[PDB]
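Written out below as structure tokens is the structure these notes cover.
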Amino acid sequence: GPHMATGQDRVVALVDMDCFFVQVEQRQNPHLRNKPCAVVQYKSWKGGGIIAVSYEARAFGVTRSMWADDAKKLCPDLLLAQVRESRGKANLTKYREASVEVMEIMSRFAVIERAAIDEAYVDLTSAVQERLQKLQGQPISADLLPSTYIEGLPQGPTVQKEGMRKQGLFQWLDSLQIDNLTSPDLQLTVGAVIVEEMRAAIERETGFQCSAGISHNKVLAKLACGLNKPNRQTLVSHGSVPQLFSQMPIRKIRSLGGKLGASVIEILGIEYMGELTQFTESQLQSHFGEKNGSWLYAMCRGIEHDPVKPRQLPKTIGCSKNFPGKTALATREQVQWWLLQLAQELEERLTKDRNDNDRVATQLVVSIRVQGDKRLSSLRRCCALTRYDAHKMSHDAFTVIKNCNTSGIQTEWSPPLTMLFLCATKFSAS
DNA sequence: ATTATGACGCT
DNA sequence: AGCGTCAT
Ligand SMILES: Nc1ncnc2c1ncn2[C@H]1C[C@H](O)[C@@H](COP(=O)(O)OP(=O)(O)OP(=O)(O)O)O1
Ligand SMILES: [Ca+2]
Ligand SMILES: [K+]
């Protein structure tokens, strides 16, 4: 009891831009605003591949990884915006730059960890302490939480969505004011007030809307964020965990959506995260390893200690192109021309990164896929990255991969290559 | 022919 | 070092 950790020491948020690439395109082109629309890359094969979908289009069943020609069958009036193509490949610069806009705003409020192009974790513990000092015992008004859901509420003894949201918020605040909750619950509530302010600043200063989760750790904040999308935020308290986890499929928890989660389900014969509480820590470690077992034991009780890392910039800068089916690269000249295209994009991005961020990459990683191999990468080799020069990088990448060509004819490449990837890594200050 | 990324773990 | 997993 009095010595059992409860993982309530931090306030962590996860902010996730709504349908991010779509919003970037809708800001630029007002004709796309408030419409079913999607972002596509390429166009020739089946209309292009959809990579982002507005909520209006999701209502018709349009999803990521769908061909645009197929999405048009579900939604004939679907509008499309195409990712820019440069040097023969998709170029994501517009979205990376829009991401920097949002990350820089978030950084004014607290330390952030860039989790993805449109996702960041926020460690709000210190900001919450400061705001509590400012509040000076003053109650928190529902007006400060206009887009917040309290997971699990309302409960106990309105048929519209917003009505339910307000009922749950009122129950939560009523119990905080009466002193029937805990200090961690108050800390989370102040965290949610700050996240409302952060999200309002993002929308004011960029036009972009987002969703957010507020809880005591990264996994719960991530889970919380997805509960009420789009343009809403969700507070998951420690006390909400048993009910929330009691019907939560294991695959919904970050890191458990793949083979490990499937093995947890199969080996233990369970379905929901809460069912993990019935195993000892040693049992879980025996099946899933020391690290995973301790993580699962704490996580199923709502406890996780992974820190929000102070990192706003990506740690690698990479450029990749697939060459599917009949387009697989089958001559040496083809391989060299495409390595050059990739290296030219990489050089441009690296030179900009060095000027903006006072750092230089020192390692070049070259990865390829051969036709027939089921794995995304068939081979990875590294070499020194000593000059930001596209011809040198493309020649070096060729040097490190040239021995993979089985073909007895030097001019021919076999087996054909279905993917090329260049990645700059190992940054040092400059 | 579900593409272009990006972080992190294992040995 | 090179490979594998998980995720957006
Ligand atoms: N598999 C992918 N391939 C290519 N681009 C992707 C992929 N997944 C995500 N992206 C890009 C497009 C998305 O706009 C952006 C953020 O991804 P993600 O958060 O999963 O979805 P989303 O922002 O489009 O919608 P949501 O509102 O559900 O968050 O990253
Ligand atoms: Ca998103
Ligand atoms: K995201």
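In what follows, chains are A, B, ... by sequence order, proteins preceding strands, each numbered from 1.
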Determine the contact category for [X]: base if any of its heavy atoms lies under 4.0 Å from a base atom, sugar-phosphate if only primed atoms, P, OP1 or OP2 are that close, otherwise nothing.
X	value
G318(A)	sugar-phosphate
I117(A)	nothing
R64(A)	nothing

Considering heavy-atom distances to DNA chain B, does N292(A) or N91(A) have its closest nucleotide positioned more toward the 5' end?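 Residue closer to the 5' terminus by nearest nucleotide: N91(A).
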
When you check the phosphate oxygens OP1 and OP2 of [N], does a side-chain N or O of [X] lie under 4.0 Å from one of them?
X	N	value
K46(A)	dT3(B)	no
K291(A)	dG9(B)	yes
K315(A)	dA7(B)	no
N322(A)	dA4(B)	yes
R114(A)	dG6(B)	no
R349(A)	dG6(B)	yes
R375(A)	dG4(C)	yes
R311(A)	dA7(B)	yes
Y95(A)	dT5(B)	no
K89(A)	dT5(B)	yes

Selection from [options] that lies nearest to any side-chain heavy atom of [X]:
X	options	result
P314(A)	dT5(B), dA1(B), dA7(B)	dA7(B)
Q41(A)	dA4(B), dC6(C), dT5(B)	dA4(B)
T316(A)	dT5(B), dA7(B), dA4(B)	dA7(B)
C382(A)	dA1(B), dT8(C), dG2(C)	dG2(C)
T327(A)	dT5(B), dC3(C), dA1(B)	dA1(B)
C319(A)	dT8(C), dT3(B), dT5(B)	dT5(B)
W67(A)	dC8(B), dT8(C), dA1(B)	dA1(B)

Applying the side chain to side chain contact (heavy atoms under 4.5 Å, CB included) test to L342(A), which of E347(A), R87(A), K89(A) qualifies?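 The single option meeting the side chain to side chain contact (heavy atoms under 4.5 Å, CB included) with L342(A) is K89(A).
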
Could you work out the separation of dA7(C) and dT2(B) based on their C1' atoms and round it to a whole Å?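 Here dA7(C) and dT2(B) have their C1' atoms 14 Å from each other.
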
The single option from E304(A), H305(A), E290(A) passing side chain to side chain donor-acceptor pair (under 3.5 Å) against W295(A):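 Only one option passes, and that is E304(A).
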
When you check the side-chain N and O atoms of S147(A) and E196(A), is any donor under 3.5 Å from an acceptor?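 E196(A) and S147(A) do have a side-chain donor-acceptor pair below 3.5 Å.
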
Would you say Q341(A) and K321(A) are linked by a side-chain donor-acceptor pair, where the criterion is simply a distance under 3.5 Å?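 On atom types as modelled, these side chains do not qualify, holding no pair under 3.5 Å.
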
Look at atom NE2 of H287(A) and say whether more than 12 heavy atoms of other residues, nucleotides or ligands are closer to it than 6.0 Å.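 Correct, the count exceeds 12.
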
Interatomic distance, [X] [atom1] vs [N] [atom2] [rounded to whole Å]:
X	N	atom1	atom2	value
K309(A)	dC8(B)	NZ	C1'	10 Å
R380(A)	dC10(B)	CZ	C1'	13 Å
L420(A)	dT5(B)	CG	P	12 Å

Decide side chain to side chain contact (heavy atoms under 4.5 Å, CB included) for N217(A) and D306(A); before the verdict, give the C-alpha distance in whole Å, the side-chain angles of both, and the deciding distance to 0.1 Å. CA-CA 7 Å; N217(A) 56 63; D306(A) 186 40; over 6 Å; no

